[PDB]
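Asker: My structure is in entry08.txt, and what it holds is compact mmCIF, C-alpha atoms:
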# COMPACT_ATOMS: atom_id res chain seq x y z
CA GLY Q 1 101.38 91.66 126.08
CA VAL Q 2 103.42 90.45 123.07
CA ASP Q 3 102.83 93.99 121.73
CA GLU Q 4 104.69 94.78 118.52
CA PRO Q 5 104.51 97.77 115.98
CA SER Q 6 103.27 97.23 112.44
CA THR Q 7 102.48 98.89 109.11
CA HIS Q 8 99.71 98.52 106.50
CA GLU Q 9 96.85 98.32 109.03
CA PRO Q 10 93.53 96.43 108.12
CA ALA Q 11 91.74 99.82 108.32
CA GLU Q 12 92.67 100.78 104.71
CA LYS Q 13 91.22 97.40 103.55
CA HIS Q 14 87.80 98.10 105.09
CA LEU Q 15 87.93 101.39 103.22
CA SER Q 16 89.16 99.48 100.16
CA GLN Q 17 85.97 97.38 100.18
CA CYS Q 18 83.91 100.58 100.13
CA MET Q 19 85.96 102.50 97.64
CA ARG Q 20 85.99 99.32 95.52
CA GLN Q 21 82.18 99.67 95.26
CA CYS Q 22 82.35 103.51 95.19
CA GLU Q 23 84.83 103.58 92.35
CA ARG Q 24 83.07 100.73 90.54
CA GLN Q 25 79.91 102.84 90.40
CA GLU Q 26 79.93 105.68 87.85
CA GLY Q 27 77.89 108.88 87.70
CA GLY Q 28 77.52 112.29 89.35
CA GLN Q 29 75.44 111.95 92.54
CA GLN Q 30 76.32 108.26 92.99
CA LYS Q 31 80.04 108.92 92.82
CA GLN Q 32 79.94 111.73 95.41
CA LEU Q 33 77.73 109.75 97.85
CA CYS Q 34 80.13 106.78 97.95
CA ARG Q 35 83.17 109.11 97.99
CA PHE Q 36 82.29 110.66 101.37
CA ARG Q 37 80.32 107.83 102.97
CA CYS Q 38 83.20 105.41 102.42
CA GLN Q 39 85.79 108.03 103.51
CA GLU Q 40 83.95 109.13 106.70
CA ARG Q 41 82.28 105.87 107.70
CA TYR Q 42 85.42 103.79 107.37
CA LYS Q 43 87.77 106.49 108.73
CA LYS Q 44 85.65 106.62 111.91
CA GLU Q 45 85.72 102.80 112.16
CA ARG Q 46 89.54 103.09 112.39
CA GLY Q 47 89.09 104.59 115.81
CA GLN Q 48 91.36 107.49 114.73
CA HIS Q 49 90.38 110.94 116.03
CA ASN Q 50 93.25 113.11 114.70
CA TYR Q 51 92.98 113.97 110.99
CA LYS Q 52 96.19 114.69 109.07
CA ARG Q 53 96.41 116.20 105.60
CA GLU Q 54 98.78 114.64 103.05
CA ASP Q 55 101.22 117.09 101.43
CA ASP Q 56 101.92 117.51 97.69
Could you render the structure from this file as structure tokens?

Answerer:
Amino acid sequence: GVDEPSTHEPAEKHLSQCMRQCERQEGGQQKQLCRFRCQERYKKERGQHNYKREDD
């Protein structure tokens, strides 16, 4: 039990590790490959199934 709500989940950090490498790399094809791979691979690892689109 001992269940309690929280914010700033570790999931964005796993993505952060990727995007850290993705962003660090510079170019055309290289940039795009890390942009999706990091976004899709890590998003899936979250366990989330419902995608929501940020406004603005």

Asker: Quick one: distance from CA of residue 37 in chain Q to CA of residue 15 in chain Q in Å, one decimal?

Answerer: 10.0 Å

Asker: Enter the distance from CA of residue 21 in chain Q to CA of residue 55 in chain Q, in Å, rounded to one decimal.

Answerer: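 For CA of residue 21 in chain Q relative to CA of residue 55 in chain Q, the distance reads 26.5 Å.
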
Asker: Mind checking which residues fall within 12 Å of residue 18 in chain Q, counting all atoms listed in the file, ignoring those fewer than 3 positions away in the same chain, and posting them as a VMD selection string?

Answerer: chain Q and resid 11 to 15 21 to 25 31 33 to 43

Asker: Could you please determine the separation between CA of residue 19 in chain Q and CA of residue 4 in chain Q in Å, to one decimal place?

Answerer: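 CA of residue 4 in chain Q lies 29.1 Å from CA of residue 19 in chain Q.
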
Asker: Some atoms are missing, so please complete range 17-52 of chain Q with N, CA and C atoms and return it as a PDB file, keeping the file's coordinate frame.

Answerer:
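So the final result, stored in out-v2.pdb, reads:
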ATOM      1  N   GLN Q  17      87.216  98.070 100.557  1.00  0.00           N
ATOM      2  CA  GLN Q  17      85.970  97.380 100.180  1.00  0.00           C
ATOM      3  C   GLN Q  17      84.946  98.397  99.720  1.00  0.00           C
ATOM      4  N   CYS Q  18      84.862  99.504 100.467  1.00  0.00           N
ATOM      5  CA  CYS Q  18      83.910 100.580 100.130  1.00  0.00           C
ATOM      6  C   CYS Q  18      84.281 101.221  98.824  1.00  0.00           C
ATOM      7  N   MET Q  19      85.469 101.823  98.797  1.00  0.00           N
ATOM      8  CA  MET Q  19      85.960 102.500  97.640  1.00  0.00           C
ATOM      9  C   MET Q  19      85.962 101.589  96.417  1.00  0.00           C
ATOM     10  N   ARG Q  20      86.081 100.269  96.632  1.00  0.00           N
ATOM     11  CA  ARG Q  20      85.990  99.320  95.520  1.00  0.00           C
ATOM     12  C   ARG Q  20      84.609  99.466  94.880  1.00  0.00           C
ATOM     13  N   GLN Q  21      83.564  99.480  95.727  1.00  0.00           N
ATOM     14  CA  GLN Q  21      82.180  99.670  95.260  1.00  0.00           C
ATOM     15  C   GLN Q  21      81.942 101.113  94.773  1.00  0.00           C
ATOM     16  N   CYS Q  22      82.507 102.082  95.504  1.00  0.00           N
ATOM     17  CA  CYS Q  22      82.350 103.510  95.190  1.00  0.00           C
ATOM     18  C   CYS Q  22      82.887 103.810  93.802  1.00  0.00           C
ATOM     19  N   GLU Q  23      84.106 103.374  93.596  1.00  0.00           N
ATOM     20  CA  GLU Q  23      84.830 103.580  92.350  1.00  0.00           C
ATOM     21  C   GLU Q  23      84.181 102.800  91.219  1.00  0.00           C
ATOM     22  N   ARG Q  24      83.715 101.585  91.535  1.00  0.00           N
ATOM     23  CA  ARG Q  24      83.070 100.730  90.540  1.00  0.00           C
ATOM     24  C   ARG Q  24      81.835 101.418  89.954  1.00  0.00           C
ATOM     25  N   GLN Q  25      81.081 102.112  90.817  1.00  0.00           N
ATOM     26  CA  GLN Q  25      79.910 102.840  90.400  1.00  0.00           C
ATOM     27  C   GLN Q  25      80.331 104.108  89.681  1.00  0.00           C
ATOM     28  N   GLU Q  26      79.586 104.484  88.637  1.00  0.00           N
ATOM     29  CA  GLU Q  26      79.930 105.680  87.850  1.00  0.00           C
ATOM     30  C   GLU Q  26      78.719 106.583  87.685  1.00  0.00           C
ATOM     31  N   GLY Q  27      78.954 107.890  87.813  1.00  0.00           N
ATOM     32  CA  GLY Q  27      77.890 108.880  87.700  1.00  0.00           C
ATOM     33  C   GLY Q  27      78.274 110.156  88.437  1.00  0.00           C
ATOM     34  N   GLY Q  28      77.288 111.032  88.647  1.00  0.00           N
ATOM     35  CA  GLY Q  28      77.520 112.290  89.350  1.00  0.00           C
ATOM     36  C   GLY Q  28      77.199 112.159  90.838  1.00  0.00           C
ATOM     37  N   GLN Q  29      75.905 112.053  91.150  1.00  0.00           N
ATOM     38  CA  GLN Q  29      75.440 111.950  92.540  1.00  0.00           C
ATOM     39  C   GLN Q  29      75.937 110.672  93.206  1.00  0.00           C
ATOM     40  N   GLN Q  30      75.908 109.566  92.458  1.00  0.00           N
ATOM     41  CA  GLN Q  30      76.320 108.260  92.990  1.00  0.00           C
ATOM     42  C   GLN Q  30      77.780 108.258  93.389  1.00  0.00           C
ATOM     43  N   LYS Q  31      78.614 108.863  92.553  1.00  0.00           N
ATOM     44  CA  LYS Q  31      80.040 108.920  92.820  1.00  0.00           C
ATOM     45  C   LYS Q  31      80.335 109.691  94.119  1.00  0.00           C
ATOM     46  N   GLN Q  32      79.722 110.860  94.249  1.00  0.00           N
ATOM     47  CA  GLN Q  32      79.940 111.730  95.410  1.00  0.00           C
ATOM     48  C   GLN Q  32      79.463 111.058  96.711  1.00  0.00           C
ATOM     49  N   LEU Q  33      78.310 110.373  96.653  1.00  0.00           N
ATOM     50  CA  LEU Q  33      77.730 109.750  97.850  1.00  0.00           C
ATOM     51  C   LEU Q  33      78.640 108.668  98.415  1.00  0.00           C
ATOM     52  N   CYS Q  34      79.212 107.847  97.527  1.00  0.00           N
ATOM     53  CA  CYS Q  34      80.130 106.780  97.950  1.00  0.00           C
ATOM     54  C   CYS Q  34      81.507 107.337  98.320  1.00  0.00           C
ATOM     55  N   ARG Q  35      81.875 108.485  97.721  1.00  0.00           N
ATOM     56  CA  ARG Q  35      83.170 109.110  97.990  1.00  0.00           C
ATOM     57  C   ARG Q  35      83.282 109.512  99.457  1.00  0.00           C
ATOM     58  N   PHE Q  36      82.266 110.239  99.969  1.00  0.00           N
ATOM     59  CA  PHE Q  36      82.290 110.660 101.370  1.00  0.00           C
ATOM     60  C   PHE Q  36      81.959 109.535 102.287  1.00  0.00           C
ATOM     61  N   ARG Q  37      80.803 108.892 102.067  1.00  0.00           N
ATOM     62  CA  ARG Q  37      80.320 107.830 102.970  1.00  0.00           C
ATOM     63  C   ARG Q  37      81.422 106.825 103.285  1.00  0.00           C
ATOM     64  N   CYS Q  38      82.102 106.358 102.253  1.00  0.00           N
ATOM     65  CA  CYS Q  38      83.200 105.410 102.420  1.00  0.00           C
ATOM     66  C   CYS Q  38      84.351 106.061 103.196  1.00  0.00           C
ATOM     67  N   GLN Q  39      84.682 107.315 102.849  1.00  0.00           N
ATOM     68  CA  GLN Q  39      85.790 108.030 103.510  1.00  0.00           C
ATOM     69  C   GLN Q  39      85.519 108.321 105.000  1.00  0.00           C
ATOM     70  N   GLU Q  40      84.294 108.762 105.320  1.00  0.00           N
ATOM     71  CA  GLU Q  40      83.950 109.130 106.700  1.00  0.00           C
ATOM     72  C   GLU Q  40      83.557 107.929 107.540  1.00  0.00           C
ATOM     73  N   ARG Q  41      82.741 107.033 106.971  1.00  0.00           N
ATOM     74  CA  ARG Q  41      82.280 105.870 107.700  1.00  0.00           C
ATOM     75  C   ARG Q  41      83.438 104.991 108.097  1.00  0.00           C
ATOM     76  N   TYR Q  42      84.278 104.676 107.126  1.00  0.00           N
ATOM     77  CA  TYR Q  42      85.420 103.790 107.370  1.00  0.00           C
ATOM     78  C   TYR Q  42      86.521 104.462 108.201  1.00  0.00           C
ATOM     79  N   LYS Q  43      86.756 105.765 107.965  1.00  0.00           N
ATOM     80  CA  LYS Q  43      87.770 106.490 108.730  1.00  0.00           C
ATOM     81  C   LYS Q  43      87.427 106.440 110.228  1.00  0.00           C
ATOM     82  N   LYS Q  44      86.154 106.649 110.531  1.00  0.00           N
ATOM     83  CA  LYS Q  44      85.650 106.620 111.910  1.00  0.00           C
ATOM     84  C   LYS Q  44      85.855 105.231 112.520  1.00  0.00           C
ATOM     85  N   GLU Q  45      85.570 104.204 111.720  1.00  0.00           N
ATOM     86  CA  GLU Q  45      85.720 102.800 112.160  1.00  0.00           C
ATOM     87  C   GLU Q  45      87.160 102.489 112.568  1.00  0.00           C
ATOM     88  N   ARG Q  46      88.116 103.270 112.044  1.00  0.00           N
ATOM     89  CA  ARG Q  46      89.540 103.090 112.390  1.00  0.00           C
ATOM     90  C   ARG Q  46      89.740 103.269 113.879  1.00  0.00           C
ATOM     91  N   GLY Q  47      88.946 104.172 114.436  1.00  0.00           N
ATOM     92  CA  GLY Q  47      89.090 104.590 115.810  1.00  0.00           C
ATOM     93  C   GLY Q  47      89.978 105.842 115.915  1.00  0.00           C
ATOM     94  N   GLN Q  48      90.533 106.298 114.763  1.00  0.00           N
ATOM     95  CA  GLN Q  48      91.360 107.490 114.730  1.00  0.00           C
ATOM     96  C   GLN Q  48      90.518 108.716 115.006  1.00  0.00           C
ATOM     97  N   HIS Q  49      91.089 109.683 115.731  1.00  0.00           N
ATOM     98  CA  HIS Q  49      90.380 110.940 116.030  1.00  0.00           C
ATOM     99  C   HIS Q  49      91.131 112.165 115.487  1.00  0.00           C
ATOM    100  N   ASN Q  50      92.435 112.008 115.209  1.00  0.00           N
ATOM    101  CA  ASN Q  50      93.250 113.110 114.700  1.00  0.00           C
ATOM    102  C   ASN Q  50      93.443 112.989 113.189  1.00  0.00           C
ATOM    103  N   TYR Q  51      92.881 113.951 112.450  1.00  0.00           N
ATOM    104  CA  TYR Q  51      92.980 113.970 110.990  1.00  0.00           C
ATOM    105  C   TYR Q  51      94.259 114.697 110.559  1.00  0.00           C
ATOM    106  N   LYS Q  52      94.977 114.099 109.602  1.00  0.00           N
ATOM    107  CA  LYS Q  52      96.190 114.690 109.070  1.00  0.00           C
ATOM    108  C   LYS Q  52      96.058 114.819 107.567  1.00  0.00           C
TER     109      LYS Q  52
END
